[PDB]
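One chain is shown next in structure tokens, namely the form deposited in one PDB entry.
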């Protein structure tokens, strides 16, 4: 499967924010999540960690936010995330950087951590079910949108 993300990137010349299209292999993205450790932000980079998707630890909407629909049960299931995402019955979503070249993000990188880019592979804790690839609408921050495929 091929996923397409649209990311706005600043042009240093025109100084205007321009659209950038980015293609990612799903296999590589899943591979990225398999090789990433299964902890919630306890690496030097802080990745991977909890992707709330608009919810709080008790699986209740946050009000004002609209969760992304991944189209899969385990994924769209409201989260159960404890103080450090290690609850024995915890279940939630993780986000980890993913790129077009598909290389594994150096999760232990720090000061400075490797650039995480705009895209993230989203998957479940603790069975790493693939949910999708999202990407910040503009820059490497702000609103995260579901990409196409």
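If you superpose the two forms and keep the largest set of C-alpha atoms that fall within 1.5 Å, you have the rigid core. Only residues modelled in both forms are compared. Positions refer to the first chain, counted from 1.
Beyond what is shown, the protein has a form deposited in another entry; the following relates to that form.
Residue 23 C-alpha relocation of at least 2 Å between the shown form and the other one, rigid core basis: It does not reach a 2 Å shift.
Residue 127 C-alpha relocation of at least 2 Å between the shown form and the other one, rigid core basis: Shift of 2 Å or more: no.
Rigid-core frame, C-alpha of residue 14, shift of 2 angstroms or more between the shown form and the other one: It does, since the residue 14 C-alpha is displaced 2 Å or more between the shown form and the other one after the core fit.
Displacement runs between the shown form and the other one, C-alpha, 2 Å or more, three or more consecutive residues, core aligned: This is the sole shifted run between the shown form and the other one: 10-18.
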